[PDB]
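> Chains as they are written, first to last, in the entry's author numbering: chain Z, 48 to 143; chain b, 1 to 83; chain J, 1 to 78, 86 to 175; chain H, 1 to 207, 210 to 318; chain A, 1 to 35, 50 to 115; chain K, 1 to 98; chain a, 1 to 70; chain e, 1 to 98; chain N, 1 to 347.
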Ligand SMILES: CCCCCCCCCCCCCCCCCC(=O)OC[C@H](COP(=O)(O)OCCN)OC(=O)CCCCCCCCCCCCCCCCC
Ligand SMILES: CCCCCCCCCCCCCCCCCC(=O)OC[C@H](COP(=O)(O)OCCN)OC(=O)CCCCCCCCCCCCCCCCC
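Following this line, the structure appears as structure tokens:
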């Protein structure tokens, strides 16, 4: 009985995963837009805060390479609300 | 032929716990090699898609990679449903 | 004040080490290590390691440290230095804490920044598994060599401690 | 609502523990041809309230203890942990839905040993200290087989989540495929909680650690001890007697699940009334020479059995 | 945040019962009342510790069964348990698990 | 690096000094030695977890298993000293001065 | 008689019924009359956070169906 | 290694965990996989004396992805400026940043 | 101790040492050290007396502290490089910790106070493993990280090792202590040339092991541990005294014996790098080692110290000790100078 039930649970997991796979292309597309938008929001406000600084460049990469580098938490949510910062940092770790 | 029987029946009357322990452990090490279903265990694990199946750029000479998920090419899990 | 939970825990973590590094009676020394071990798990948990965090509780706190308390109660026969060391330790912690929360940069051997631990976390995470879980599972699929050497050391450990304690 | 939710889980435990004392005295009474508490209130239903009040307004001795800090620390640690082991239990919905809930109840369980150890130190008596050490050796010994037996079961479940043991037994109880493990799990839970025939701490004519305690502090060590008896049997029912879960009628699960826990708990009282008491060495040699060899043998059988039958449970 | 509250409430409550337990009976102003090493126990603690460590390596077995190297994973799972049995057989034969002096 | 390292790393330094300054008891030194391995565990896991070094995730477990095995060895020797003198004072381990 | 033991069992039975029944009903009170979402793996959490933003009101249990599509 | 036995016998004992761009279970990439790959391929087969001077660029980026010191310095600068403009009535945060 | 257990315990010490040598991962390098210390303490306790207990307790407290420092260095290196390969360390602070951690393992000064005492509390056979085999594993690691080692840290430890080794041995009368301090002295030569040509560290390691193994072997043959008890050898086994004399001159670096080969080649390599002051100081201070080696020869082979009446009884029994490889070791300890160019096999 355990062998049969465990084998159905493996078929029901594959079906559960294929629903995710069919959805990843849409979720990945949305995240790309969201992350780029959040970066530009910081970029626009980087100019505001530092438009009168002695010798500062706006949007200067700290990498000699020109390759795209995935932003870390500090760069995206740097100047957002604490509730939203807390949600994106420890929200999943703290979810019950 | 007699010594084995004369020894198996001696421990069975004195160490039933150990006789069951070594017997049970002995099956754990032997059966997996004799089982005909051990190969299915591997096939099912390889069939679980933890990762996205990144598509392959089409160059023209690939009559083994389906163009659409429902095309007849590629691996088929018809063995897993019947199992 | 909750977004700085990990840093707050680490300050309690250091204060525990001063607790038993000052070497009070072993009974109180073991207690400080227990409080430090428990808080140490809290730090690891908040970085995403749930198996490793609970491993400390099961193996280190509930395991090893029980034997330390077990041996202390059986081989210990139940000062100015203890207070002076403990007082000295906290003051060093206090200044280090004070100077990292003031200018958010402290340079002792290394260059430590004080913006906040969350600033380095990884934004993207959308997998259907725990990366820590898959790494630990790979002990049997990848770490065949580690298993053999580790197993032979624990097996030898049993033999070795039976010789040491026999006394004849 | 979460804070309301916690209190809806703590107070019932304290009341449930209080009336397990009545049920134990009555059930033991009728197996002994007597009645037990029936005078204080209808059918003794007020007997726990008299005992609770009586203990808490009795002078505590609190003798010249060596530390007097571990004396206060031991009862807090014991009762704090006992209550903490209920937050992940699905009934059918956990208060906290831990992904490694089974691993959390093992971690907390191993910490209960300190409550024993610190009470022995605080007592300031050499005799008490030997009493604690004997109870520590028994507790850690029989918690080795719990870890392995629990691990063997999970090889049929596929994960450490407790709510996934409900899915595993959706067709049949795990008591059937793993009755050998169930036999050794149930006896292990007796030895962990110092229940007869493994009660050597309360084994008068031979020894306990909680002897110097009286009045209120004593009642704390008693509540913690009985709060784990219920919890272990709730754990056993979820592990070997899985109740079917219907999401539209979540109360149906609770009624069936509650019965299976009550019956398992009343089996602790049934066993205590039947058998004599093991000797200390005799219950050590029951673990290191009988349970451990079989637990190891069955753990090998359970790692390989799913592979050789092609019945590996899903990871998620 | 929920688990932290659950721990706080559990241990916070346990402390309130303790203080009132030590102080409520003090409402009654009662008259002032006036006035070794055994080796075999140490080996149990150490023997548990070593086995406990050997268990630590067995805990991730439920996840290891999901790999595509069942031949290698299975071989090591039995290797550890078998050695965990050899540690037991060694102490057993050398009179490790005995309580007679 | 990050604020957490300053405190985790300073914890190792504190315990190390405690290991190198014995007071009276040999036991109190073992705790400091076992304090050092606790800090190394935490620091190891933080580095491994943060950088998503997937296969390294088993490394902290090995550090704990071996470090724990060493402790058992250290406690076994501490017992064999109390057997000889009745106490675990370090000043009794002075026979090999000459 | 043996059935005089039941009243103590029922009260003990009831006290063990409240913790389970309370959690089930309280969860449905906060989650719009549904089960509380279970998020054991990051993908599940990602969708739940997506629901929070998509739902309008900052509530993850408020589902938007086809009616919310143009 | 001192005795390069593994290369002689063609067996992989502990080279699978040496780096973080090596094959991982379920193809889980490390956070700094792209940088580590670039550094390793730059400094391959030219010894460490040349790699110290010829692949410096590829390695500084790698160490930037590991500890993020340059990034945290840059964010500290922006915060100090913004904080200064906050207590001067000269800064108004945007709507979505509140 | 059951004989079978002894072999498996010995075989574990080799496995620990070998794991450090063949491994390419800092984790296994640490496991190799941990496995080695675990399986070596039992042999140090075999006689089960208070001195043996104290020696192991002093030994455990030292190798454990070194292991924690070595693991700490392995982790700092991980933070700054994100890899475990056994090669040049990538953080200078990690390099200092690894260097000192390995120094505590080799007994190099000033982390030396345990070597005279540990070697003096354990039997002669246990000292042999402690002073010959136990140095291969730490030396393997140094041979792989020397490009990143700090020049002044390593040379300073070498300089202090020679001085304290020579000065410590002048005051000694116990053979186990003399070999302990002699060991500290030769360690300076092994590490002094390490920055310049590591191959000469293997030459000095191999020759040191052969000579030390010979000495401990001949002390075990007569069960002699003190200077006086060794002075009776002329009256029991006169041949043994001549063999001792030859080796002590070899250990002292006197031409034309094999023990001159390492010192000779180290001086050559340090000078090519224009290091003239350091080799000259090292060679002069080596005369301190040659002093108490000579003092042994005066009481052992070059004079006939008073005997005892009971010695006449010992003449009626032979040496029933195994003395494995003694004939080969003594010949390679004194008659290898013409073969010096053979050192290229170590490259
Ligand atoms: C290939 C991969 C697998 C590799 C496995 C290899 C490792 C196995 C590890 C085994 C675990 C350690 C136990 C081994 C020691 C056995 C116990 C022992 O040490 O000997 C005790 C016994 C002493 O005898 P005594 O008590 O004095 O007098 C009565 C004897 N009748 O001495 C005796 O004479 C007892 C007899 C010896 C014990 C034999 C045990 C055999 C176990 C294998 C049986 C397999 C059967 C499986 C078949 C199942 C089919 C139903
Ligand atoms: C001294 C004697 C010692 C004992 C000797 C062995 C006794 C017999 C084996 C008992 C132990 C194994 C337990 C296996 C339980 C599996 C459950 C079961 O028996 O049901 C059979 C099951 C049904 O197949 P199913 O696919 O569900 O059919 C419908 C599909 N449309 O189909 C399956 O379960 C899959 C088949 C699994 C086969 C596992 C056994 C492999 C070994 C081949 C048989 C040889 C037995 C070994 C004998 C030598 C012993 C050393």
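Every residue gets a Cβ at the ideal spot worked out from N, C-alpha and C, and that includes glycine.
So, using beta-carbon positions, are residue 104 of chain A and residue 67 of chain J closer together than 8 angstroms?
Mapped onto the fifth chain, residue 104 of chain A falls at position 90. Mapped onto the third chain, residue 67 of chain J falls at position 67. No, these two residues do not count as a Cβ contact at 8 angstroms.
> How is the beta strand (DSSP E) around residue 118 of chain J delimited, first residue to last?
Residue numbering aside, residue 118 of chain J sits at position 111 when the third chain is read from its first letter. It spans 117–120 - the beta strand (DSSP E) in which residue 118 of chain J sits, taken as one unbroken run.
> So, helix, strand or coil for residue 237 of chain N, using DSSP?
On the ninth chain, residue 237 of chain N is found 237 positions in, with the first residue counted as 1. DSSP places residue 237 of chain N in coil when its eight states are reduced to three.
> What three-state label does DSSP hand residue 5 of chain K in the structure shown?
In the sixth chain, counting from the first residue as 1, residue 5 of chain K sits at position 5. Secondary structure at residue 5 of chain K: helix, using DSSP grouped into helix, strand and coil.
> Return the first residue and the last residue of the alpha helix (DSSP H) that residue 53 of chain Z is part of.
Here the question's residue 53 of chain Z lines up with position 6 in the first chain. 49–96 is the extent of the alpha helix (DSSP H) around residue 53 of chain Z.
> Strictly by DSSP, which residues pair up with residue 114 of chain J?
The residue labelled residue 114 of chain J in the question sits at position 107 within the third chain. Residue 114 of chain J is bridged to J:118.
> Any heavy atom of ligand 1 closer than 7 angstroms to the CB of residue 136 of chain H?
Looking up residue 136 of chain H in the fourth chain gives position 136. No, the beta carbon of residue 136 of chain H sits no closer than 7 angstroms to any heavy atom of ligand 1.
> Flag this pair as touching only if the stretch 157–173 of chain J and the stretch 85–95 of chain K have three or more C-beta atom pairs under 8 angstroms; answer yes or no.
Taking 8 angstroms as the limit for Cβ pairs, the verdict is that the stretch 85–95 of chain K does not touch the stretch 157–173 of chain J.
> Suppose only complete runs of 4+ residues qualify. What are the alpha helix (DSSP H) ranges in the stretch 167–221 of chain N, listed by chain order?
175–192
> Taking residue 5 of chain J as the reference, give the member of J:41, J:17, J:75 and J:26 with the closest Cα.
Translated into the one-based positions of the third chain, residue 5 of chain J becomes position 5. Comparing Cα-Cα distances from residue 5 of chain J to each of J:41, J:17, J:75 and J:26, the minimum goes to J:41.
> Are the beta-carbon atoms of residue 259 of chain H and residue 239 of chain H separated by less than 8 angstroms?
Here residue 259 of chain H corresponds to residue number 257 of the fourth chain, with the count starting at 1. Here residue 239 of chain H corresponds to residue number 237 of the fourth chain, with the count starting at 1. Against a cut-off of 8 angstroms, the Cβ pair of residue 239 of chain H and residue 259 of chain H comes out as a contact.
> Opposite residue 119 of chain Z in the DSSP bridges: which residues?
Counting from one through the first chain, the residue named residue 119 of chain Z turns up at place 72. In DSSP, residue 119 of chain Z forms a bridge with J:129.
> Starting from the C-beta of residue 69 of chain J, find all residues in its chain whose C-beta is less than 7 angstroms away, skip the five residues before and the five after it, and write them out in chain order.
Here residue 69 of chain J is taken as the residue at index 69 of the third chain, counted from 1. Setting aside the 5 residues that flank it on each side, residue 69 of chain J is surrounded in the same chain by 30, each with a C-beta closer than 7 angstroms to its C-beta; the list follows chain order.
> Is it the case that the Cβ atoms of residue 231 of chain N and residue 2 of chain e are separated by a distance below 8 angstroms?
Numbered from 1 along the ninth chain, position 231 holds the residue referred to as residue 231 of chain N. Numbered from 1 along the eighth chain, position 2 holds the residue referred to as residue 2 of chain e. Against a cut-off of 8 angstroms, the Cβ pair of residue 2 of chain e and residue 231 of chain N comes out as no contact.
> Enumerate in chain order the residues of its own chain whose CB-to-CB distance from residue 71 of chain H is below 6 angstroms, with the five nearest sequence positions on each side excluded.
The residue labelled residue 71 of chain H in the question sits at position 71 within the fourth chain. Closer than 6 angstroms at Cβ, skipping near neighbours: 65 and 122.
> Strictly below 8 angstroms CB to CB, what residues from chain Z border residue 48 of chain J?
For the purposes of this step, residue 48 of chain J is identified with residue 48 of the third chain, where counting begins at 1. 140, listed in chain order.
> Going by the CB atoms, is the gap between residue 143 of chain H and residue 119 of chain H shorter than 8 angstroms?
In the fourth chain, residue 119 of chain H corresponds to position 119, counting from 1. In the fourth chain, residue 143 of chain H corresponds to position 143, counting from 1. Their beta carbons are not under 8 angstroms apart, which means residue 119 of chain H does not touch residue 143 of chain H by this criterion.
> Assign residue 308 of chain N to one of three DSSP states: helix, strand, or coil.
In the ninth chain, the residue the question calls residue 308 of chain N occupies position 308. Reduced to three states, the DSSP call for residue 308 of chain N is coil.
> Would the beta-carbon of residue 10 of chain b be found less than 7 angstroms away from any heavy atom of ligand 1?
Start at 1 with the first residue of the second chain, and residue 10 of chain b comes out as number 10. Yes - ligand 1 has a heavy atom lying nearer than 7 angstroms to the Cβ of residue 10 of chain b.
> Could you tell me the distance, in whole angstroms, from the CA atom of residue 152 of chain H to the CA atom of residue 23 of chain H?
Translated into positions along the fourth chain, residue 152 of chain H becomes position 152. Translated into positions along the fourth chain, residue 23 of chain H becomes position 23. Roughly 34 angstroms separates the two Cα atoms.
> For residue 267 of chain N, count the other beta carbons within 10 Å of its own beta carbon; 16 or more makes it buried, fewer makes it exposed. Which is it?
Position 267 of the ninth chain, counting from 1, holds the residue named residue 267 of chain N. Answer is buried; the Cβ neighbour count reaches 16.
> Of all the residues that make up the stretch 2–15 of chain A, which are near chain Z by a beta-carbon distance shorter than 9 angstroms?
2, 3 and 4
> Spell out whether any CB of chain K is found under 8 angstroms from the CB atom of residue 120 of chain N.
Along the ninth chain, read from residue 1 onward, the residue named residue 120 of chain N stands at position 120. Residue 120 of chain N counts as touching chain K.
> For chain N, check one thing: does any of its Cβ atoms lie closer than 8 angstroms to the Cβ of residue 11 of chain e?
Stepping through the eighth chain from its first residue, residue 11 of chain e is reached at position 11. With 8 angstroms as the cut-off, residue 11 of chain e does not count as an interface residue toward chain N.
> For residue 107 of chain A, is the beta carbon positioned less than 7 angstroms from some heavy atom of ligand 1?
Here residue 107 of chain A refers to the residue found at position 93 of the fifth chain. Taking the Cβ of residue 107 of chain A as the reference point, at least one heavy atom of ligand 1 falls within a distance shorter than 7 angstroms.
> If I'm right that residue 217 of chain N touches residue 326 of chain N with Cβ under 8 angstroms, what's the distance once you round it to whole angstroms?
As a position in the ninth chain, residue 217 of chain N is number 217, starting the count at 1. As a position in the ninth chain, residue 326 of chain N is number 326, starting the count at 1. Going by Cβ atoms, the distance from residue 217 of chain N to residue 326 of chain N rounds to 5 angstroms, so yes, they are a contact pair.
> Does the Cβ of residue 26 of chain b lie closer than 7 angstroms to at least one heavy atom of ligand 1?
For the purposes of this step, residue 26 of chain b is identified with residue 26 of the second chain, where counting begins at 1. Checking every heavy atom of ligand 1 against the Cβ of residue 26 of chain b, one is found closer than 7 angstroms.
> For residue 78 of chain b, which residues from the same chain have a beta carbon less than 6 angstroms from its beta carbon, with the 5 sequence-adjacent residues on both sides left out?
In the second chain, the residue the question calls residue 78 of chain b occupies position 78. Excluding positions up to five away in sequence, the list is empty.
> So what does residue 89 of chain K bridge to, in DSSP terms?
Locating residue 89 of chain K in the sixth chain gives position 89, where the first residue counts as 1. Answer is K:25, bridged to residue 89 of chain K.
> Can you find the residues in the same chain that come closer than 8 angstroms, C-beta to C-beta, to residue 84 of chain N, ignoring five residues on each side of it along the sequence?
Along the ninth chain, read from residue 1 onward, the residue named residue 84 of chain N stands at position 84. These residues qualify, in order along the chain: 25, 26, 27, 74 and 78.
> Any heavy atom of ligand 1 closer than 7 angstroms to the CB of residue 96 of chain A?
Counted from its first residue, the fifth chain places residue 96 of chain A at position 82. Answer for residue 96 of chain A: yes, Cβ within range of ligand 1.
> Given the structure, does residue 65 of chain A come close to ligand 1, in the sense that its CB is under 7 angstroms from one of the ligand's heavy atoms?
Translated into positions along the fifth chain, residue 65 of chain A becomes position 51. No.
> In whole angstroms, give me the CA-to-CA distance for residue 156 of chain N and residue 20 of chain N.
The residue you call residue 156 of chain N lines up with position 156 of the ninth chain. The residue you call residue 20 of chain N lines up with position 20 of the ninth chain. Each residue's Cα considered, the two are about 25 angstroms apart.
> Could you give the residue range of the alpha helix (DSSP H) that holds residue 89 of chain H?
Here residue 89 of chain H refers to the residue found at position 89 when the fourth chain is read from its first residue. From DSSP, residue 89 of chain H is part of no alpha helix (DSSP H); its letter is neither H nor E.
> Can you give me the start and stop residues for the alpha helix (DSSP H) that residue 291 of chain N sits inside?
Taking the ninth chain and counting its residues from 1, the one referred to as residue 291 of chain N is at position 291. Where residue 291 of chain N is concerned, the enclosing alpha helix (DSSP H) stretches over 277–300.
> From the DSSP output, which residues share a beta bridge with residue 226 of chain N?
Residue mapping note: residue 226 of chain N aligns to position 226 of the ninth chain, counting from 1. Answer by DSSP bridge pairing, in chain order: N:174.
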